[PDB]
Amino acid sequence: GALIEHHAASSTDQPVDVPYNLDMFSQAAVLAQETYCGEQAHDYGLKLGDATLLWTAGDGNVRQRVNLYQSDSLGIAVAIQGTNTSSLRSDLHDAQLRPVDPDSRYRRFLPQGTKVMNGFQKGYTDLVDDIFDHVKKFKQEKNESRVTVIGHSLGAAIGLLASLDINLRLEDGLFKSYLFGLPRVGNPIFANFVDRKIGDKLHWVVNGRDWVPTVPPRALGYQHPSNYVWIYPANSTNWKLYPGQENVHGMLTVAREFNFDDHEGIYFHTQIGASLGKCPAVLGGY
């Protein structure tokens, strides 16, 4: 249709050592994986690391599966199910890709001109009311003010929206966010806002030459938030943090030499992937 002529930042900052607690990142990883376990979905009481399963909705068909835990280190942890690269390759076309206004439940908290990808926001708005209801319920039952949002893949995209929304609309806001294989979600206005409001809480990681964080493309006006960890090579222990947005020393340096395999793999010693991790999911070991 038309070329996006808006500018956007591409950071030139040098990559730094990853400063985060990787036990917590790993704990998030095993929960991200458990979202792909259908038979264990309503196994309430199941414990994965420090996190005990309390509630689940969705099934990966009409709505993404969401699993909610009490976790010693993460508080009330909400993990959202992702998908695989062949589903994303099939589904990301046409109306899905449209940059749209924020849903009315949270539109008034975000800058004017904020846009997010239609299919990702839809994935979120189909779950948001049940997530909010059950977060509030279990925060009250467990006397827990901390809320962590976690997700891989489509789950990471839904997760970014949930993390920002929870931080703006729910009392106590967000504690942490942990996102794995994150697609682009919104425009530069969105990305700057994410940085401003949840930048100090947000943790996200890209595995090697994963295609997923290259889409939707910058040419459609989409922009990542700041500071991703890049695991390179994929599945290795070689990780660094790439400051600012769309860092030129990172992903950008291979973004037309992607593959469809690195999306699933080993993230900080834990397997994540619909075809890869086990059920129930195992923490660490790789």
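Position 1 is the first residue in the sequence shown; the rest follow in order.
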As the entry reports it, the stretch among 164-172 and 203-211 with higher mean C-alpha B factor is 164-172
Between 258-266 and 11-19, name whichever shows the higher mean Cα B factor according to the PDB entry.
11-19
Identity of residue with top Cα B-factor, from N187, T148, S90, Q81
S90
Whose C-alpha has the highest temperature factor in the PDB entry: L53, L252, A32, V229?
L252
Among all modelled residues of this chain, ranked by Cα B factor, put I272 in the bottom, middle or top third, i.e. lowest, middle or highest.
lowest
Once the chain's modelled residues are ordered by C-alpha B factor and cut into thirds, is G119 in the lowest, middle or highest one?
middle
Looking at the temperature factor on the CA atom of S153, which third of the chain's modelled residues does it land in?
lowest
How does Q27 rank on Cα B-factor within its chain, lowest, middle or highest third?
lowest
For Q223, does the deposited CA B-factor place it in the lowest, middle or highest third of the chain?
lowest
